[PDB]
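One chain is shown next in structure tokens, namely the form deposited in one PDB entry.
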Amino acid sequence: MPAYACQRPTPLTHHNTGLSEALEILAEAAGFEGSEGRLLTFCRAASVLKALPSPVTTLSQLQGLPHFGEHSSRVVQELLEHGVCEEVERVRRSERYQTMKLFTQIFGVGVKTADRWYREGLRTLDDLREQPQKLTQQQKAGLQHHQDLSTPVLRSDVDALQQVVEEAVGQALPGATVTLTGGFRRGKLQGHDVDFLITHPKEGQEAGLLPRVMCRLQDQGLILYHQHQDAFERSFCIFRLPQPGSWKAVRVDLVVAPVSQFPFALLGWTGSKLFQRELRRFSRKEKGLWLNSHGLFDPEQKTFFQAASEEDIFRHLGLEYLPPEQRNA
């Protein structure tokens, strides 16, 4: 078992679901306290179990696995012995965990904001609604739409949504393309949002595209919220999605990249989040190369690596290729 998540296949469904879920509770709780290192270790340990070929049934099967030390091993031991880990259950039922989870789930609210509200004594969404002077426009939209946004987006919703985006993109710039990325490209059947990557085959033609796309979607009445409703290349919006007799709000992310950068953007936006952090960590720490969603930089030669495909990027990093379905770290 290699130490970095980008060195091993991780399928969407696996053989240690309950164990990984428990470790991810502790990871999440660590993040709510600002303990990024502990969050990373618990996420990495959970991800190791996702990559195993069979269920862990005995503690000895953790020997030699990376990211399993005294703490994560004890969590697994208690789940194996008793079906429950007391530390995990104590986190689950704690007022702090429950409220931080509720607040950080709101679009426009991060850990720092949720923590400040928590320290001020706030506990429920209705607490926030009662004092709306203290909310940003983004947070007001996130709170108004929170119920719909807490409902999973279904893969069966995505194709109709992509067709609507494609129509607007084609008017904004004929020949521009829309690619489904994010969790759905990794095979997920549900998501918290839909992520779309937009480019154009002629380098430079994508300059200035996203404002034109957003204006056209807004003109069609489809945008319930966006930040520009001034150059930009990423948009985090709330979209009107049809439903029988009605509609529901859904989160949609749009990102534009020049075609020279498209493999890097596709890799980055396909995730998972942990896979990408691990890939960038591997690149820098093991290969001395700096990776982001725009490119891959050699800081000694002061040169960027041209990539025509995701396959190119894995090759330039000395990693076996993983299709998106195996990036579910």
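Here the rigid core means the biggest group of C-alpha atoms that line up within 1.5 Å when the two forms are laid on top of each other. Shifts are known only where both forms have a C-alpha. So that there is no doubt, residue numbering starts at 1 and follows the sequence shown.
Residue-level annotation: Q133 has coordinates in all of the other entries compared, counting only those that model residues on either side of it, so it never reaches the one-third mark. Judged by the one-third criterion across other entries of this protein, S150, modelled here, is also modelled in every one of those that cover both its neighbours. Coordinates are given for every residue of the deposited sequence from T113 through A114, so that no gap is recorded there. On average the C-alpha atoms of 242-250 have higher B-factors than those of the other stretch, with 242-250 and 185-193 being the two compared.
As listed in the deposited structure, the average C-alpha B-factor of 32-40 and of 59-67 is greater for 59-67.
For the set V255, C85, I106, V213, the PDB entry puts the maximum C-alpha B factor at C85. Looking at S94, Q162, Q205, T177, the one whose CA carries the top B-factor in the deposited record is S94.
In the PDB entry, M1 places in the highest third of its chain by CA B-factor. In this PDB entry, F304 carries a Cα temperature factor that places it within the highest third of its chain's modelled residues. Placement of the Cα temperature factor of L143 within the chain: middle third of the modelled residues, per the deposited record.
Ranked by Cα temperature factor within the chain, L80 sits in the highest third according to the deposited record. Ranked by Cα temperature factor within the chain, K101 sits in the middle third according to the deposited record.
There is another form of the same protein, the form deposited in another entry; it is not shown, and what comes next is about it.
In sequence order, 57-64 is the sole run of at least 3 consecutive residues whose Cα positions differ by 2 Å or more between the shown form and the other one once the rigid core is superposed.
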